[PDB]
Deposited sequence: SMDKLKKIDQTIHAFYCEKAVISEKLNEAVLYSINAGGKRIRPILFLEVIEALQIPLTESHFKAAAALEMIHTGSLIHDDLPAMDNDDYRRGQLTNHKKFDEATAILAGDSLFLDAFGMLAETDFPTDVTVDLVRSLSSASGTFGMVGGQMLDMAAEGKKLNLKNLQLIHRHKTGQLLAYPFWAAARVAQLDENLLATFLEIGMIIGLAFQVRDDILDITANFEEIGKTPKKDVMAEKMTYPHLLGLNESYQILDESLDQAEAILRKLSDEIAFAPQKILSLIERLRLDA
């Protein structure tokens, strides 16, 4: 009903504006990175799986979605730093450290990480649900998730590596937090164990597809699919990953009260053509 993008941004603004401000500059810097566009694929997938499962959307679903986006946004800020990829622009816009300075951007990223779990604990979900969501969000973001993947992507700089090493980087650097929204929606829906596993499986496939798509675009728009396998095979892997994800979603819809059309449409907009 209400535009999900607008509501997600309003949820985020409300978190920063509802409490007595301590540092105006910190709030400003954090919101700069939030308001600097973003397709919001991660929170949108969470919300769309919730609706697909016939659950009416509430304030709390938007907060859980927002928590996820805050972690994603924080990782981008740090990834751009001079000590990291040292980029002056993300999406044709000044990166945080260039808009402000290096110390501000390090702290803005730290805030988004730490704040996200506060956003997530503000929901009205049953408390056992919230605890699992926190555990899994940490697992997907930290030393055994996104941060680990970031370290391996650095550790990788040194070498040609095989498929196994490329998949290891992607799985953790990006795969985990693209899969989280699928698993998390299913957990909020209180689905049984094997359904949770299926939803996580979809998410990992979509995470893979998203990273292969990235690699293909970044050379039509080092340690990548096109470099490792060539373009032809990269296109093939993207296409069969999306097919595979779509087939599992359709099979669920033939088995439980699940209406994934909007998800299937979102996935269809990721496709690339020769």
Deposited positions lacking CA coordinates: 222-237
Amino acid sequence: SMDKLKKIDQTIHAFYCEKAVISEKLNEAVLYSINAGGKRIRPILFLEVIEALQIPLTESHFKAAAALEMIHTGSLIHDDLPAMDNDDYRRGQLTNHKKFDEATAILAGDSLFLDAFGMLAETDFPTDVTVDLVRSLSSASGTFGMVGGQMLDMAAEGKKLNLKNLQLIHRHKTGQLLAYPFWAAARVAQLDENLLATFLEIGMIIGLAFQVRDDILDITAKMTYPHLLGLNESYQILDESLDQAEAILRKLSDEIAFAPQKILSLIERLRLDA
From here on, numbers count along this sequence of modelled residues.
May I ask you to compare 22-30 and 211-219 by their mean CA B factor in the entry and name the higher one? 211-219
Which of the two stretches, 159-167 or 144-152, shows the higher mean Cα temperature factor in the record? 159-167
Candidate set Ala36, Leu68, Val49, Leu249 [ranked by C-alpha B-factor, highest]: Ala36
Sorting the chain's modelled residues by C-alpha B-factor, tell me whether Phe125 ends up in the lowest, middle or highest third. middle
Within this chain's modelled residues, let me know which third the CA B factor of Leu53 belongs to: lowest, middle or highest. middle
Third of the chain, ranked by Cα B-factor, where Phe100 sits: highest
Modelled-residue ranking by C-alpha temperature factor, third containing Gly175: middle
Among the chain's modelled residues, which third holds the C-alpha B-factor of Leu228? highest
